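**Student:** Build the 3D model from these lines:
(chains A and B, ligands or ions: 1)
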Amino acid sequence: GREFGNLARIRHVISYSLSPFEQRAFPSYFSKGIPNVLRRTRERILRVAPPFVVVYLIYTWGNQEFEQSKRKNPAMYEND
Amino acid sequence: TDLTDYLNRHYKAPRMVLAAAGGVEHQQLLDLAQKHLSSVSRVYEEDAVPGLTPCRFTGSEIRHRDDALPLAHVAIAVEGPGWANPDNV
Ligand SMILES: CCCCCCCCCCCCCCCCCC(=O)OC[C@H](COP(=O)(O)OCCN)OC(=O)CCCCCCCCCCCCCCCCC
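**Tutor:** Numbering: from 1, shown residues only, chains lettered A, B, ... in the order given. Next comes the structure:
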């Protein structure tokens, strides 16, 4: 019922493609991969990173608070 | 002027054939070609002779989608050998 031939109505659209044996599999891989990755990470880093930053701060604070919770209070054994 | 340049470049006499088929005599046709078709150009006028260049075949695809048409036409081809290669036959 839902196969190729009856998916959508498309008019006046031209597509050009070439054979995979005709073109390279890695056309300028590093020289255009690096700026594209940098663009994607600079468009998403402010939405993604600060929650995990404050997870790191909460994790370190909780671990150190537990460590000083196990620490001996020097105020005890001071009266006698 | 573009038509004049094309006409003076590509209508050379060595690249021309006067062909006749049917009720014709070859000697009469040769005499008529000597009378009328002699001295067309024969000279490229700058010693600038064009050269035929081989064409690169590319395995590729063009898809013109227009869904309002009632029927679809699809052509699939590979590279042919050329005129002078006998395996054409
Ligand atoms: C006011 C924004 C100013 C931005 C200045 C930066 C320069 C902007 C212009 C140059 C372009 C730079 C690149 C742009 C990349 C995409 C755009 C972008 O980053 O936009 C800012 C982004 C979205 O802004 P918007 O959603 O409108 O802000 C509402 C804030 N709630 O908003 C952000 O990224 C802000 C995200 C802040 C998140 C804070 C979360 C704090 C709480 C975390 C709790 C986690 C759990 C804690 C523990 C719970 C249990 C105990």
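**Student:** Give me the most central residue, chain A.
**Tutor:** residue A:48 (6.3 Å; C-alpha atoms, centre = their mean).
**Student:** In what element of secondary structure is that residue found?
**Tutor:** helix A:29-69 (DSSP states H and E).
**Student:** got it, and residue B:64?
**Tutor:** Per DSSP H and E: residue B:64 is located in strand B:60-65.
**Student:** So which residues make contact with that strand?
**Tutor:** Strand B:60-65 has contacts (C-beta atoms under 8 Å, 6 or more residues apart in numbering or on different chains) with A:10, A:11, A:12, A:13, A:14, A:15, A:16, A:17, A:18, A:19, A:22. For every residue, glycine as well, the C-beta is placed using N, CA and C.
**Student:** Check the burial of residue B:59 by counting its neighbours.
**Tutor:** 13 (other C-beta atoms under 10 Å in any protein chain shown).
**Student:** Up against the ligand, what does chain A have?
**Tutor:** A:42, A:43, A:46, A:47, A:50, A:51, A:54, A:58 (C-beta under 6 Å from any ligand atom).
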